[PDB]
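Here the structure is laid out as structure tokens; the discussion comes afterwards.
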Amino acid sequence: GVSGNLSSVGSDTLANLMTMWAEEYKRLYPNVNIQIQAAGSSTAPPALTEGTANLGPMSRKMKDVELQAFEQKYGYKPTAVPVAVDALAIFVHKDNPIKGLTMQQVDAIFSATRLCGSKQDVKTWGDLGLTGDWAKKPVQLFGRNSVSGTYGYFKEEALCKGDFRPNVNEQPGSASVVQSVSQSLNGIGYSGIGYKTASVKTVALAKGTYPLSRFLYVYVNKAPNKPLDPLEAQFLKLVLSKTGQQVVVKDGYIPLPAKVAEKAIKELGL
């Protein structure tokens, strides 16, 4: 807006949101071309820093070494703009009868060292209390790779900074994880709630009450006391608007609290 090139690099969790936002953006600003790259959040900071991206969608905040990289070039920190909320989900096969899980258990299932406290080395669904034909069917793990922000977020929050079991079947994206789980009766995976389909179900979690809720961000380069380039500016105005936030709902995520969207618009001078 009004003309130019918009380049997005980062999160797969936010892949379809950026795409739907971009389509509605191109409809309203037809001389703008938008490129969208969605291999995982960790690709956002170096692309932002080097300059090949104007927008860096991330499903976790930047780590310190990512922040200082941006800072050493620009002289200030990049700006995390909240654009949605994710209830990061545990997915199982639709026929899996599991009732729910505790954080303790989730940790026991995916992690090497269960830093959340459990003394369970979970390997079978019986270790989770399922009976009959389920009792020593193996727990097959599906997850994201290390470029995923969800990967890191999960490692930080669900594993208490622990490490994943060695045997996790890492998928290239969130849809792959859901598809993998949907075709594996004894499968379990994690990914954004928006990636839910009929072929899988989400397991209830126990510890505002959802224990793995997180903000989803789009990082931008906003210099202190300087306005955003009209191209980014108009994009984020679209994203944080009523229209942009209904896109969030339609894709299956959770819209920002109204105040949070307003503050974001304010703070960016939008």
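Each chain in the structure tokens gets a letter, A, B, ..., in the order shown, and its residues are numbered from 1; ligands are numbered from 1 in order too.
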Problem set entry | Filtered DSSP result for range 4-226 of chain A, state alpha helix (DSSP H), as a PyMOL selection string | chain A and resi 15-28+44-50+64-74+103-110+149-157+174-182
Selected residues written out, C-alpha atoms, as a PDB file, in the first residue's frame:
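The file below, out.pdb, is the result:
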ATOM      1  CA  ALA A  15       1.163 -20.248   7.196  1.00  0.00           C
ATOM      2  CA  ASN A  16      -2.547 -20.170   6.311  1.00  0.00           C
ATOM      3  CA  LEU A  17      -3.213 -17.045   8.332  1.00  0.00           C
ATOM      4  CA  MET A  18      -0.539 -15.093   6.471  1.00  0.00           C
ATOM      5  CA  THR A  19      -1.918 -16.462   3.229  1.00  0.00           C
ATOM      6  CA  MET A  20      -5.522 -15.485   3.877  1.00  0.00           C
ATOM      7  CA  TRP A  21      -4.465 -12.092   5.210  1.00  0.00           C
ATOM      8  CA  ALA A  22      -2.258 -11.682   2.096  1.00  0.00           C
ATOM      9  CA  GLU A  23      -5.100 -12.519  -0.305  1.00  0.00           C
ATOM     10  CA  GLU A  24      -7.364  -9.988   1.336  1.00  0.00           C
ATOM     11  CA  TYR A  25      -4.416  -7.518   1.253  1.00  0.00           C
ATOM     12  CA  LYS A  26      -3.791  -8.055  -2.475  1.00  0.00           C
ATOM     13  CA  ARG A  27      -7.499  -7.518  -3.134  1.00  0.00           C
ATOM     14  CA  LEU A  28      -7.278  -4.088  -1.484  1.00  0.00           C
ATOM     15  CA  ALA A  44      12.317 -15.395  10.434  1.00  0.00           C
ATOM     16  CA  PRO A  45      15.085 -13.668  12.438  1.00  0.00           C
ATOM     17  CA  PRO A  46      18.001 -14.105   9.991  1.00  0.00           C
ATOM     18  CA  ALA A  47      15.722 -13.144   7.042  1.00  0.00           C
ATOM     19  CA  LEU A  48      14.535 -10.067   8.921  1.00  0.00           C
ATOM     20  CA  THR A  49      18.080  -9.218   9.920  1.00  0.00           C
ATOM     21  CA  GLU A  50      19.675  -9.645   6.512  1.00  0.00           C
ATOM     22  CA  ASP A  64      18.511 -13.548  22.857  1.00  0.00           C
ATOM     23  CA  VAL A  65      21.040 -14.470  20.181  1.00  0.00           C
ATOM     24  CA  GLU A  66      18.406 -13.747  17.525  1.00  0.00           C
ATOM     25  CA  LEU A  67      17.597 -10.404  19.163  1.00  0.00           C
ATOM     26  CA  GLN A  68      21.232  -9.312  19.356  1.00  0.00           C
ATOM     27  CA  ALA A  69      21.815 -10.260  15.704  1.00  0.00           C
ATOM     28  CA  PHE A  70      19.013  -7.909  14.634  1.00  0.00           C
ATOM     29  CA  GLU A  71      20.289  -5.308  17.100  1.00  0.00           C
ATOM     30  CA  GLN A  72      23.929  -5.342  15.959  1.00  0.00           C
ATOM     31  CA  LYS A  73      22.775  -4.387  12.473  1.00  0.00           C
ATOM     32  CA  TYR A  74      19.992  -1.912  13.236  1.00  0.00           C
ATOM     33  CA  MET A 103       1.346 -31.757  31.882  1.00  0.00           C
ATOM     34  CA  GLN A 104       3.359 -34.280  33.869  1.00  0.00           C
ATOM     35  CA  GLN A 105       2.204 -37.043  31.519  1.00  0.00           C
ATOM     36  CA  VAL A 106       2.666 -35.028  28.339  1.00  0.00           C
ATOM     37  CA  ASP A 107       6.196 -34.466  29.510  1.00  0.00           C
ATOM     38  CA  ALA A 108       6.597 -38.178  30.289  1.00  0.00           C
ATOM     39  CA  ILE A 109       5.383 -39.031  26.778  1.00  0.00           C
ATOM     40  CA  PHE A 110       7.610 -36.776  24.673  1.00  0.00           C
ATOM     41  CA  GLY A 149       9.012 -22.334  16.896  1.00  0.00           C
ATOM     42  CA  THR A 150       6.379 -24.720  18.250  1.00  0.00           C
ATOM     43  CA  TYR A 151       9.226 -27.245  18.726  1.00  0.00           C
ATOM     44  CA  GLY A 152      11.157 -24.799  20.878  1.00  0.00           C
ATOM     45  CA  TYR A 153       8.085 -23.477  22.686  1.00  0.00           C
ATOM     46  CA  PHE A 154       6.976 -27.069  23.479  1.00  0.00           C
ATOM     47  CA  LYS A 155      10.495 -27.925  24.638  1.00  0.00           C
ATOM     48  CA  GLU A 156      10.478 -24.885  26.929  1.00  0.00           C
ATOM     49  CA  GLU A 157       6.962 -25.116  28.363  1.00  0.00           C
ATOM     50  CA  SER A 174       2.047 -28.954  11.220  1.00  0.00           C
ATOM     51  CA  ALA A 175      -0.297 -30.435   8.621  1.00  0.00           C
ATOM     52  CA  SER A 176       2.145 -33.331   8.199  1.00  0.00           C
ATOM     53  CA  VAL A 177       2.039 -33.959  11.903  1.00  0.00           C
ATOM     54  CA  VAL A 178      -1.744 -34.015  11.940  1.00  0.00           C
ATOM     55  CA  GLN A 179      -1.860 -36.246   8.835  1.00  0.00           C
ATOM     56  CA  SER A 180       0.740 -38.634  10.355  1.00  0.00           C
ATOM     57  CA  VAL A 181      -1.227 -38.908  13.579  1.00  0.00           C
ATOM     58  CA  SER A 182      -4.514 -39.316  11.681  1.00  0.00           C
TER      59      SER A 182
END
Problem set entry | strand (DSSP E) positions in range 61-147 of chain A, given as a ChimeraX atom specification | /A:79-87,89-93,100-102,140-144
Kindly assemble as CSV a list of the range 37-110 of chain A residues that lie within 10 Å of range 216-222 of chain A, each paired with its nearest atom pair and their distance in Å to one decimal, using only C-alpha atoms, sorted first by chain and then by ascending residue number.
residue,atom,partner,partner_atom,distance
A:41,CA,A:217,CA,9.7
A:44,CA,A:219,CA,8.1
A:45,CA,A:219,CA,8.4
A:48,CA,A:221,CA,7.6
A:49,CA,A:221,CA,8.8
A:51,CA,A:221,CA,9.6
A:53,CA,A:220,CA,9.0
A:54,CA,A:220,CA,6.5
A:55,CA,A:220,CA,5.4
A:56,CA,A:219,CA,4.8
A:57,CA,A:218,CA,4.0
A:58,CA,A:217,CA,5.2
A:59,CA,A:216,CA,4.7
A:60,CA,A:216,CA,6.9
A:61,CA,A:217,CA,7.6
A:62,CA,A:219,CA,8.9
A:70,CA,A:221,CA,9.1
A:74,CA,A:221,CA,8.9
A:76,CA,A:222,CA,8.7
A:77,CA,A:221,CA,8.2
A:78,CA,A:221,CA,5.3
A:79,CA,A:220,CA,5.3
A:80,CA,A:219,CA,4.5
A:81,CA,A:218,CA,5.2
A:82,CA,A:217,CA,4.5
A:83,CA,A:217,CA,5.5
A:84,CA,A:216,CA,5.1
A:85,CA,A:216,CA,5.6
A:86,CA,A:216,CA,6.6
Could you take the residues named above and write them with C-alpha atoms, as a PDB file, in the first residue's frame?
ATOM      1  CA  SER A  41       9.844 -19.543  12.990  1.00  0.00           C
ATOM      2  CA  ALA A  44      12.317 -15.395  10.434  1.00  0.00           C
ATOM      3  CA  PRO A  45      15.085 -13.668  12.438  1.00  0.00           C
ATOM      4  CA  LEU A  48      14.535 -10.067   8.921  1.00  0.00           C
ATOM      5  CA  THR A  49      18.080  -9.218   9.920  1.00  0.00           C
ATOM      6  CA  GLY A  51      16.656  -7.902   4.932  1.00  0.00           C
ATOM      7  CA  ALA A  53      11.868 -10.346   4.700  1.00  0.00           C
ATOM      8  CA  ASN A  54       9.749  -7.378   5.811  1.00  0.00           C
ATOM      9  CA  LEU A  55       7.595  -9.647   7.969  1.00  0.00           C
ATOM     10  CA  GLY A  56       8.765 -12.463  10.227  1.00  0.00           C
ATOM     11  CA  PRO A  57       5.867 -14.593  11.582  1.00  0.00           C
ATOM     12  CA  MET A  58       6.951 -16.529  14.709  1.00  0.00           C
ATOM     13  CA  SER A  59       5.031 -18.770  17.102  1.00  0.00           C
ATOM     14  CA  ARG A  60       7.562 -18.029  19.873  1.00  0.00           C
ATOM     15  CA  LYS A  61       9.492 -14.890  20.785  1.00  0.00           C
ATOM     16  CA  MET A  62      12.995 -14.351  19.472  1.00  0.00           C
ATOM     17  CA  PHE A  70      19.013  -7.909  14.634  1.00  0.00           C
ATOM     18  CA  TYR A  74      19.992  -1.912  13.236  1.00  0.00           C
ATOM     19  CA  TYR A  76      17.410  -1.478  18.221  1.00  0.00           C
ATOM     20  CA  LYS A  77      15.372  -4.627  18.829  1.00  0.00           C
ATOM     21  CA  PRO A  78      12.821  -5.934  16.316  1.00  0.00           C
ATOM     22  CA  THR A  79       9.176  -5.504  17.296  1.00  0.00           C
ATOM     23  CA  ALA A  80       6.993  -8.487  18.182  1.00  0.00           C
ATOM     24  CA  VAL A  81       3.434  -7.741  17.025  1.00  0.00           C
ATOM     25  CA  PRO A  82       0.812 -10.050  18.532  1.00  0.00           C
ATOM     26  CA  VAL A  83      -1.613 -11.244  15.831  1.00  0.00           C
ATOM     27  CA  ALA A  84      -3.429 -14.253  17.346  1.00  0.00           C
ATOM     28  CA  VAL A  85      -3.588 -16.772  20.146  1.00  0.00           C
ATOM     29  CA  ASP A  86      -2.851 -20.479  19.850  1.00  0.00           C
TER      30      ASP A  86
END
For this session: For residue 256 in chain A, list every protein, DNA or RNA residue within 12 Å, evaluated using only C-alpha atoms, and leave out those in the same chain fewer than 2 positions away; present the list as a PyMOL selection string.
Result: chain A and resi 81-86+213-217+239-242+244-249+253-254+258-264
Output the selection as a compact mmCIF listing (two decimals), in the first residue's frame - N, CA, C and O atoms for each residue.
# COMPACT_ATOMS: atom_id res chain seq x y z
N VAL A 81 4.84 -8.15 17.10
CA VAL A 81 3.43 -7.74 17.02
C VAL A 81 2.53 -8.93 17.23
O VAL A 81 2.56 -9.86 16.45
N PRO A 82 1.71 -8.90 18.30
CA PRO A 82 0.81 -10.05 18.53
C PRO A 82 -0.30 -10.08 17.48
O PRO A 82 -0.86 -9.02 17.21
N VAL A 83 -0.57 -11.22 16.86
CA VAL A 83 -1.61 -11.24 15.83
C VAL A 83 -2.71 -12.30 16.09
O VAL A 83 -3.78 -12.26 15.49
N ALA A 84 -2.45 -13.23 17.00
CA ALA A 84 -3.43 -14.25 17.35
C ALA A 84 -3.03 -15.00 18.61
O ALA A 84 -1.93 -14.80 19.15
N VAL A 85 -3.91 -15.89 19.04
CA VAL A 85 -3.59 -16.77 20.15
C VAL A 85 -3.75 -18.23 19.71
O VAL A 85 -4.68 -18.59 18.99
N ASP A 86 -2.78 -19.05 20.10
CA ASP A 86 -2.85 -20.48 19.85
C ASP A 86 -2.98 -21.23 21.16
O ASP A 86 -2.31 -20.92 22.14
N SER A 213 -1.45 -22.28 26.13
CA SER A 213 -1.84 -21.15 25.32
C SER A 213 -0.63 -20.24 25.13
O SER A 213 0.19 -20.11 26.04
N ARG A 214 -0.50 -19.67 23.94
CA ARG A 214 0.61 -18.79 23.59
C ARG A 214 0.15 -17.75 22.58
O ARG A 214 -0.78 -17.99 21.81
N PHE A 215 0.79 -16.58 22.60
CA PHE A 215 0.57 -15.60 21.54
C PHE A 215 1.30 -16.04 20.27
O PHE A 215 2.37 -16.64 20.34
N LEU A 216 0.72 -15.71 19.13
CA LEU A 216 1.38 -15.84 17.84
C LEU A 216 1.77 -14.46 17.36
O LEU A 216 0.96 -13.53 17.45
N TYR A 217 2.98 -14.32 16.85
CA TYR A 217 3.52 -13.00 16.50
C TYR A 217 3.87 -12.83 15.02
O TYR A 217 4.11 -13.79 14.30
N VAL A 239 -4.40 -6.93 9.52
CA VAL A 239 -4.28 -8.06 10.43
C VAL A 239 -4.95 -7.82 11.79
O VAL A 239 -5.63 -8.70 12.36
N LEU A 240 -4.73 -6.63 12.33
CA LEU A 240 -5.25 -6.32 13.66
C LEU A 240 -6.68 -5.77 13.64
O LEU A 240 -7.23 -5.44 14.68
N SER A 241 -7.29 -5.70 12.46
CA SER A 241 -8.64 -5.17 12.36
C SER A 241 -9.65 -6.25 12.69
O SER A 241 -9.31 -7.40 12.92
N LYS A 242 -10.92 -5.86 12.69
CA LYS A 242 -12.01 -6.79 12.92
C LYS A 242 -12.01 -7.87 11.85
O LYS A 242 -12.19 -9.06 12.14
N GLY A 244 -9.40 -8.82 9.94
CA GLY A 244 -8.21 -9.64 10.08
C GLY A 244 -8.37 -10.65 11.20
O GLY A 244 -7.87 -11.77 11.13
N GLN A 245 -9.04 -10.24 12.27
CA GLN A 245 -9.17 -11.12 13.42
C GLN A 245 -10.27 -12.15 13.22
O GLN A 245 -10.31 -13.15 13.93
N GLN A 246 -11.14 -11.94 12.24
CA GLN A 246 -12.17 -12.92 11.94
C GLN A 246 -11.54 -14.00 11.04
O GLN A 246 -11.96 -15.15 11.04
N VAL A 247 -10.50 -13.62 10.31
CA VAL A 247 -9.71 -14.57 9.57
C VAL A 247 -9.10 -15.60 10.53
O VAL A 247 -9.05 -16.80 10.24
N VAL A 248 -8.66 -15.12 11.69
CA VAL A 248 -8.10 -15.97 12.73
C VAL A 248 -9.13 -17.01 13.16
O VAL A 248 -8.84 -18.21 13.17
N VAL A 249 -10.33 -16.55 13.49
CA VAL A 249 -11.39 -17.47 13.90
C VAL A 249 -11.69 -18.48 12.79
O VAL A 249 -11.76 -19.68 13.04
N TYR A 253 -7.98 -20.65 14.90
CA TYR A 253 -7.23 -20.15 16.04
C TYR A 253 -8.09 -19.22 16.88
O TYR A 253 -9.28 -19.07 16.66
N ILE A 254 -7.46 -18.61 17.88
CA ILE A 254 -8.15 -17.78 18.84
C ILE A 254 -7.80 -16.31 18.60
O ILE A 254 -6.62 -15.93 18.59
N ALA A 258 -9.53 -8.03 22.44
CA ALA A 258 -9.72 -6.75 21.78
C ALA A 258 -8.71 -5.69 22.21
O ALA A 258 -8.11 -5.03 21.37
N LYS A 259 -8.49 -5.55 23.52
CA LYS A 259 -7.55 -4.56 24.02
C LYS A 259 -6.14 -4.78 23.48
O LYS A 259 -5.44 -3.81 23.17
N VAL A 260 -5.72 -6.04 23.41
CA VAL A 260 -4.38 -6.36 22.91
C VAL A 260 -4.24 -5.91 21.46
O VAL A 260 -3.21 -5.35 21.08
N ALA A 261 -5.27 -6.13 20.64
CA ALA A 261 -5.19 -5.64 19.26
C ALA A 261 -5.12 -4.11 19.23
O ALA A 261 -4.29 -3.55 18.50
N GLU A 262 -5.95 -3.43 20.03
CA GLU A 262 -5.93 -1.96 20.08
C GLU A 262 -4.57 -1.39 20.50
O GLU A 262 -4.05 -0.46 19.86
N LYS A 263 -3.99 -1.96 21.55
CA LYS A 263 -2.69 -1.51 22.04
C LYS A 263 -1.63 -1.67 20.95
O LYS A 263 -0.82 -0.77 20.72
N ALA A 264 -1.68 -2.79 20.24
CA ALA A 264 -0.76 -3.06 19.15
C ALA A 264 -0.86 -2.00 18.05
O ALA A 264 0.15 -1.50 17.56
Problem set entry | Nearest to residue 197 in chain A by atom-to-atom distance, counting only C-alpha atoms, from A:92, A:212, A:160, A:268 |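 Residue with the minimum atom-to-atom distance to residue 197 in chain A: A:92.
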Problem set entry | Among the residues A:200, A:238, A:135, A:228, the one that comes closest to residue 187 in chain A [using only C-alpha atoms] | A:200
